[PDB]
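Structure, as structure tokens:
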Amino acid sequence: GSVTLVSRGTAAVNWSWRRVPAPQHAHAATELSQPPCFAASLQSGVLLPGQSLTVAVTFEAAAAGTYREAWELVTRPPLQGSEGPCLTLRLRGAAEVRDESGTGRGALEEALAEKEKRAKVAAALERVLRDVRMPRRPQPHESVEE
Amino acid sequence: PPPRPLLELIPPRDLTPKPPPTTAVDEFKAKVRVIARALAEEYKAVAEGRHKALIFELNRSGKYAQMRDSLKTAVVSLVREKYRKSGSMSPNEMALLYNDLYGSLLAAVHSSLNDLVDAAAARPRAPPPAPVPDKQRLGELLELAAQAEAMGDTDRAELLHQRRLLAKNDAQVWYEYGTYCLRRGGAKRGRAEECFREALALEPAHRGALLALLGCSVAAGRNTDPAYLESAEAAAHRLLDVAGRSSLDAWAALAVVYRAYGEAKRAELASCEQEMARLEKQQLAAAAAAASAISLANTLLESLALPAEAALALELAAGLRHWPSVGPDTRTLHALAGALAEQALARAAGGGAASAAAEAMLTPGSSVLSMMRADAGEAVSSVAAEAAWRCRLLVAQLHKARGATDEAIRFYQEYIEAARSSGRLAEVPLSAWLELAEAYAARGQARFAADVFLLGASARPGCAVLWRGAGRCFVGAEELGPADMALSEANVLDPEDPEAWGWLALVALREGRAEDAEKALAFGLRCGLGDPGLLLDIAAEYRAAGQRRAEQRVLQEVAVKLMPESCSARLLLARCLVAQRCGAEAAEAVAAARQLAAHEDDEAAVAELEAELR
Amino acid sequence: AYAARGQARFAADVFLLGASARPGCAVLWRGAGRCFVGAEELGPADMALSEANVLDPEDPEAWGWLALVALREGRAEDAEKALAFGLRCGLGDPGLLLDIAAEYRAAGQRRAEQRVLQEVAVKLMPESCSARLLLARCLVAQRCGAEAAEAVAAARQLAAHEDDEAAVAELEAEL
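As structure tokens, this is what we get:
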């Protein structure tokens, strides 16, 4: 991610931060916060007046989830007077599995094979029905032949 | 081209295996475990104020300094152990590598401390992440397919079934795919029956060879009009099933197959007589064994219940041979079970042929469903209790009495509350929660459906379909917080579900996280995203918040999914706002032209005027 | 000369002749493995190439040929490790990577298909590699973000047949 933050106010402050997890429902049976998805090395830095600091955030994923881990807690010993003592920062990390369905097609043409087999079964019906044809024709003949 | 005087195996056999060195990681884990136990002791000694006090006291006492020294030595060893690739060594990559080693350190610490974390009295929530190449996802794939079927996500369920089929191609997975194909519909039953055939050919499974017989019995009665020859092989197939167990209840089950077979009443009667003899022998043996230390109707009940588990509604044949058990047996609760079976058959018939619920409701108006086993336990067996439970569920399902969604809510609430009081919440099918939520959504209230989905999730935390439905209902009720919240929980619980990603993208758009919405939409687009309504709402939110290229992409996906739904008008409006796509403007004027509605053609004329302007 | 001739097995023969004469020379073993791959003698190819990179590491050609043998054997994990080691090395041969990407196309594991394909694109941009890149992206998923860039590359490539393919790919991207 590499989020950048800029100071102003002619005051130097110690940039520390805390990680508050997403507040999952009472019934949620997931622990997606104890192993930190997002990690940074510039933690607990120092910010001088009129300076910009860039912090590189690396997102580690163990499954294909949104992994909402709202850092949202930057503390500074002279607590900020800019709309709340602690600033907010919303972190979202999305992973994907890249499902492989190339062979999924392979199962399909079976169903065509059974379409063929269904045709065979229906042809059996034609066999049975045409069985009725053969006895019908000869009956009148012998009478007029005699 | 002269050949070798020697062979090809002449190169020396060095035979050098490749072992991975990982000792430093284990040393770090052990040292961290010891340090963490000491830290826990200090934590017990002396809330967030407690944590601040503990860090301050550690700094003051200097135990933190010894921590730093020992951990510094350990981390130096770890870095030398793992990170020694080196290379170009640019500063941005250096920051990235520092982040990598820091994340590895925290991962190692968490892995080491997971023992104590689990041992803690707090409820152990296992992390959902199970990244697996289908080596173990089997079984869980069946569960996901079951949830998809419960919600009606047919294509996703079929894809999961085909995935497990490719993974294992075993008899039982073939059987599961065939059963799901049965549940899909009457047309799919041919595929279902031959998947049964594939499983049978692979293995003559005991549970197998009965489903194929059921499909054969379904033939010659199906709406697709199969002939008698299709059901002809059923007798032989179920005779082989009987040979699977020659002197068991499966034989009485196959007696139903003879009964279905025409002009075989003599063989059916002989089979019934010998089945009665075998049942009497078994009962006498049981009585003698108990002393030293009916059944036919129950068998017909179970052999009716299995096709009730299947999608077939033709176990009415099993019912028809049920009660004709010569002489009315002791009614007990078997009669009530038979009445439950015939009610289930009636509801299945109504499902098979639409508009049948109007006459279905005629019987439960009076003297049907045991009045829910006299509406009380009183002096009755647990069979009667579960019969009353199921009767309540069926009555509530019987919407079409007069459409009284209110009494539908009342009886769904009664059913789920009885389940909760008995403690068997998980036993409630997901179809019940889906029906209750749909009934609430039918009325003006959506938050009620949201909370009933939440109740379902509480009952079944493992399932993610309930959470995703909760997210849908929260979106409908416009509670963005809980919407994104439960949708994220559902997505993490079950990935590979495009609906969850699409809903997440919608909520992100509404909250204003444009980049999050783009990512979620892209992931869902890589996945299925069959539902057109989600994409249409995404396009509407985009119309509200710019991003005309995203508008165009989403609406093009809508157009590809569905030809004539006048989404071409939105296509044309978006590319007129873009104002460079006159060719597609004319194309979509033609799209409306063969869409052919009066209002659609008036809008087409307006769009044509706009295109002429552009 | 024998590779120009039909039976590249003869070129494999003289390559092991150089190898038998001087076991130390890894180049002879590497070429012999190349010719077994050409002749589809996968077993001897694997053995010769394994002995070659044992004799001499830091040979990205040998690593890539090993990866090709692994892919045609179906040991995808071993192929992935081989490509990782080759990328630690140079891997300057474009044809080997193209064949690797083809074997991925035939075997699945599409993410590796792109890894190899952007590797090829970096190695040689004007070789119509972006056409195959767009094909891979489209078949994997709806990734119009990269599909547009691939279509632009195909358009700027400016060959007649490549432009027909580019038009087809652009129609797919619109889909």
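Residue numbers (PDB author numbering), protein chains in the order written: chain 0I, 441 to 586; chain 1G, 397 to 442, 459 to 705, 751 to 1071; chain 1D, 896 to 1070.
Don't be surprised by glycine CBs; every beta carbon is placed ideally from N, CA and C.
Identity of the residue in the options nearest residue i by Cα
| i | options | result |
| --- | --- | --- |
| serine 489 (chain 1G) | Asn471 (chain 1G), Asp546 (chain 1G) and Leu517 (chain 1G) | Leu517 (chain 1G) |
| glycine 784 (chain 1G) | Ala1041 (chain 1G), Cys684 (chain 1G) and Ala1048 (chain 1G) | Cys684 (chain 1G) |
| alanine 542 (chain 1G) | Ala504 (chain 0I), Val561 (chain 0I), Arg530 (chain 0I) and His581 (chain 0I) | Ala504 (chain 0I) |
| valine 486 (chain 0I) | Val453 (chain 0I), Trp511 (chain 0I), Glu512 (chain 0I) and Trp457 (chain 0I) | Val453 (chain 0I) |
| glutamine 464 (chain 0I) | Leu508 (chain 1G), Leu411 (chain 1G), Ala441 (chain 1G) and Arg537 (chain 1G) | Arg537 (chain 1G) |
| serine 643 (chain 1G) | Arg650 (chain 1G), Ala632 (chain 1G) and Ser498 (chain 1G) | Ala632 (chain 1G) |
| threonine 591 (chain 1G) | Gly919 (chain 1G), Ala507 (chain 1G), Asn526 (chain 1G) and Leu763 (chain 1G) | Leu763 (chain 1G) |
| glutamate 500 (chain 0I) | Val584 (chain 0I), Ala535 (chain 0I) and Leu548 (chain 0I) | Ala535 (chain 0I) |
| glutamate 1065 (chain 1D) | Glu1045 (chain 1D), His1056 (chain 1D) and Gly987 (chain 1D) | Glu1045 (chain 1D) |
| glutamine 870 (chain 1G) | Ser879 (chain 1G), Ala853 (chain 1G), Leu771 (chain 1G) and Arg881 (chain 1G) | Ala853 (chain 1G) |
| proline 886 (chain 1G) | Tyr872 (chain 1G), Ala624 (chain 1G) and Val837 (chain 1G) | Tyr872 (chain 1G) |
| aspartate 994 (chain 1G) | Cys1024 (chain 1G), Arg496 (chain 1G) and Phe980 (chain 1G) | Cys1024 (chain 1G) |
| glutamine 1004 (chain 1G) | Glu972 (chain 1G), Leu991 (chain 1G), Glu1022 (chain 1G) and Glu1014 (chain 1G) | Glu972 (chain 1G) |
| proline 401 (chain 1G) | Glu1022 (chain 1D), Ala914 (chain 1D), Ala1061 (chain 1D) and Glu936 (chain 1D) | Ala914 (chain 1D) |
| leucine 893 (chain 1G) | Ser878 (chain 1G), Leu1053 (chain 1G), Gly880 (chain 1G) and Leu851 (chain 1G) | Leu851 (chain 1G) |
| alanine 496 (chain 0I) | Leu961 (chain 1G), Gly822 (chain 1G) and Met506 (chain 1G) | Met506 (chain 1G) |
| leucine 923 (chain 1D) | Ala965 (chain 1D), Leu1019 (chain 1D), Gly981 (chain 1D) and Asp954 (chain 1D) | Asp954 (chain 1D) |
| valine 544 (chain 1G) | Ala502 (chain 0I), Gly490 (chain 0I) and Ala553 (chain 0I) | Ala502 (chain 0I) |
| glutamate 509 (chain 0I) | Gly521 (chain 0I), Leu529 (chain 0I), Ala564 (chain 0I) and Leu519 (chain 0I) | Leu529 (chain 0I) |
Cross-strand partners of residue i (DSSP beta bridge)
| i | result |
| --- | --- |
| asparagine 454 (chain 0I) | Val486 (chain 0I) |
| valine 446 (chain 0I) | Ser492 (chain 0I) |
| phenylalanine 499 (chain 0I) | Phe478 (chain 0I) |
| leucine 527 (chain 0I) | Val514 (chain 0I) |
Cβ-Cβ separation, residue j to residue i (assumed contact under 8 Å), whole Å
| i | j | result |
| --- | --- | --- |
| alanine 996 (chain 1D) | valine 1011 (chain 1D) | 4 Å |
| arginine 603 (chain 1G) | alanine 551 (chain 0I) | 6 Å |
| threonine 506 (chain 0I) | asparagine 948 (chain 1G) | 6 Å |
| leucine 577 (chain 1G) | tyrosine 589 (chain 1G) | 6 Å |
| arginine 1006 (chain 1D) | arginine 538 (chain 0I) | 5 Å |
| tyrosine 587 (chain 1G) | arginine 619 (chain 1G) | 7 Å |
| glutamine 1037 (chain 1D) | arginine 983 (chain 1G) | 6 Å |
| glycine 807 (chain 1G) | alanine 798 (chain 1G) | With a Cβ gap of about 15 Å, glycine 807 (chain 1G) and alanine 798 (chain 1G) do not count as contacting. |
| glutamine 559 (chain 1G) | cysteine 1039 (chain 1G) | Not quite, the Cβ-Cβ distance comes to about 47 Å (not below 8 Å), so this is no contact. |
| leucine 757 (chain 1G) | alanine 689 (chain 1G) | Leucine 757 (chain 1G) to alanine 689 (chain 1G), Cβ: 16 Å. No contact. |
| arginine 601 (chain 1G) | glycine 627 (chain 1G) | 6 Å |
| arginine 1032 (chain 1G) | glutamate 1042 (chain 1G) | 6 Å |
Proximal chain 1G residues relative to residue i, where beta-carbon distance stays under 7 Å
| i | result |
| --- | --- |
| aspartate 908 (chain 1D) | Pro397 and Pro399 |
| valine 949 (chain 1D) | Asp410 |
| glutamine 474 (chain 0I) | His522 and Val529 |
Where residue i meets chain 1D, residues with beta-carbon distance less than 7 Å
| i | result |
| --- | --- |
| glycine 542 (chain 0I) | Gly1003 |
| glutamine 1013 (chain 1G) | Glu1069 |
| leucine 402 (chain 1G) | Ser915 |
| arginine 1010 (chain 1G) | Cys1039 |
| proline 407 (chain 1G) | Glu946 |
Neighbouring residues, chain 0I, relative to residue i (Cβ below 9 Å)
| i | result |
| --- | --- |
| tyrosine 592 (chain 1G) | Within chain 0I, no residue comes near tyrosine 592 (chain 1G); the closest Cβ sits about 13 Å away, beyond 9 Å. |
| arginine 970 (chain 1D) | By Cβ distance, chain 0I contributes nothing, its closest Cβ being about 17 Å from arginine 970 (chain 1D), past 9 Å. |
| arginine 900 (chain 1D) | Ordered by position in chain 0I, no residue passes the 9 Å Cβ test against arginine 900 (chain 1D), which lies about 37 Å from the chain. |
Per-residue contacts from residue i into chain 1D (C-beta, under 9 Å)
| i | result |
| --- | --- |
| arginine 545 (chain 0I) | Those do not exist, as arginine 545 (chain 0I) stays about 11 Å from chain 1D at its closest Cβ, beyond 9 Å. |
Partners in chain 0I for residue i, counting only beta-carbon separations shorter than 8 Å
| i | result |
| --- | --- |
| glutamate 953 (chain 1G) | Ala504, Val537 and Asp539 |
| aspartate 565 (chain 1G) | Under the 8 Å cutoff, chain 0I gives no residues; its nearest Cβ is about 15 Å from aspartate 565 (chain 1G). |
| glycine 515 (chain 1G) | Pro476, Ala479, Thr498 and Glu500 |
| residue 453 (chain 1G) | In this structure residue 453 (chain 1G) is absent; chain 1G steps straight from 442 to 459. |
Interface residues of chain 1G facing residue i [CB-CB closer than 8 Å]
| i | result |
| --- | --- |
| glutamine 464 (chain 0I) | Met942 and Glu946 |
| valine 561 (chain 0I) | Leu641 and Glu642 |
Proximal chain 1D residues relative to residue i, where beta-carbon distance stays under 8 Å
| i | result |
| --- | --- |
| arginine 983 (chain 1G) | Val1035, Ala1036, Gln1037 and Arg1038 |
| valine 1017 (chain 1G) | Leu1070 |
Interface residues of chain 0I facing residue i [CB-CB closer than 7 Å]
| i | result |
| --- | --- |
| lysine 976 (chain 1G) | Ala534 |
| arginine 1006 (chain 1D) | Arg538 |
| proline 543 (chain 1G) | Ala502 and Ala503 |
Within chain 1G, partners of residue i - CB distance below 9 Å
| i | result |
| --- | --- |
| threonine 470 (chain 0I) | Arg537, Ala538, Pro539, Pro540, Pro918, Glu946, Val949 and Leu950 |
| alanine 551 (chain 0I) | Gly602, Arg603 and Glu606 |
| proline 939 (chain 1D) | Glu404 |
Open item on the list: Below 8 Å, how does it come out for the region 509 to 516 of chain 1G and the region 470 to 485 of chain 0I: are there three or more Cβ pairs, yes or no?
Closed with: yes
Open item on the list: With three or more beta-carbon pairs closer than 8 Å as the criterion, would you say the region 1049 to 1060 of chain 1G touches the region 898 to 907 of chain 1D?
Closed with: no
Open item on the list: With three or more beta-carbon pairs closer than 8 Å as the criterion, would you say the region 925 to 938 of chain 1D touches the region 572 to 582 of chain 0I?
Closed with: no
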